[PDB]
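Residue numbers (the authors' numbering): 42 to 168. Using N, Cα and C, we set each Cβ at its ideal position, and we do this for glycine too.
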Ligand SMILES: O=c1cc(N2CCOCC2)oc2c(-c3cccc4c3sc3ccccc34)cccc12
Ligand SMILES: [Cl-]
Ligand SMILES: [Cl-]
Ligand SMILES: [Cl-]
């Protein structure tokens, strides 16, 4: 089953702005998760061809990954922190929906999510 185009990271018709929270999401949150030992599966879109998961896009209708998020942050795609936090949450929940509890990929997602929650609890107030 072929992979879809990845989620867009540019769109001149979409509104965007810089906020101190979005800066924090890039410089602190993404940076911290990206370097984790278990980050590598989440640094690019799921490749359902390489992994022989022909049902992946029958089950996961909103794919998301940190490569995409990183590009969205670096390219000033977002309007607010909520848009970016939603992408992270979609990434994690996709993994929990598709896989069995306790599978390695779920444990890896859970480790990143634990760090994510700590950093989101520490989200700065809007300037
Ligand atoms: O929900 C997911 C489910 C699964 N799998 C099902 C269980 O068996 C391992 C693959 O994998 C992933 C992966 C992932 C795991 C292992 C290798 C690779 C990926 S994504 C990718 C892209 C290019 C090359 C290799 C890999 C990442 C995020 C979510 C899932
Ligand atoms: Cl497909
Ligand atoms: Cl493909
Ligand atoms: Cl470690």
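Would you identify the three-state DSSP class for residue i, choosing helix, strand or coil?
{"i": "residue 90", "result": "coil"}
{"i": "residue 168", "result": "coil"}
{"i": "residue 102", "result": "coil"}
{"i": "residue 58", "result": "coil"}
{"i": "residue 118", "result": "coil"}
{"i": "residue 141", "result": "coil"}
{"i": "residue 131", "result": "helix"}
{"i": "residue 109", "result": "helix"}
{"i": "residue 46", "result": "coil"}
{"i": "residue 53", "result": "coil"}
{"i": "residue 83", "result": "helix"}
{"i": "residue 123", "result": "helix"}
Would you please state the rounded distance, in angstroms, between the beta carbons of residue i and residue j? I believe it to be under 8 angstroms.
{"i": "residue 156", "j": "residue 74", "result": "6 angstroms"}
{"i": "residue 51", "j": "residue 121", "result": "Incorrect: roughly 18 angstroms between the Cβ atoms, too far for contact."}
{"i": "residue 71", "j": "residue 114", "result": "6 angstroms"}
{"i": "residue 89", "j": "residue 44", "result": "6 angstroms"}
{"i": "residue 139", "j": "residue 57", "result": "Not quite, the Cβ-Cβ distance comes to about 30 angstroms (not below 8 angstroms), so this is no contact."}
Considering just the uninterrupted stretch of the alpha helix (DSSP H) at residue i, what are its terminal residues?
{"i": "residue 65", "result": "61-65"}
{"i": "residue 75", "result": "72-75"}
{"i": "residue 160", "result": "145-162"}
Taking 6 angstroms as the limit between beta carbons, can you name the residues of its chain near residue i, skipping five residues before and five after?
{"i": "residue 105", "result": "128, 131, 132"}
{"i": "residue 112", "result": "50"}
Using a Cβ-Cβ cut-off of 7 angstroms (strictly less than) and excluding sequence neighbours within five positions of residue i, which residues of its own chain qualify?
{"i": "residue 85", "result": "106, 108"}
{"i": "residue 136", "result": "146, 147, 150"}
{"i": "residue 126", "result": "161"}
* Kindly confirm or deny that the region 59-74 and the region 92-104 touch, where touching means at least three C-beta pairs closer than 8 angstroms. => no
query = Would the region 160-167 and the region 145-152 be scored as touching if the rule is three or more Cβ pairs under 8 angstroms?
reply = no
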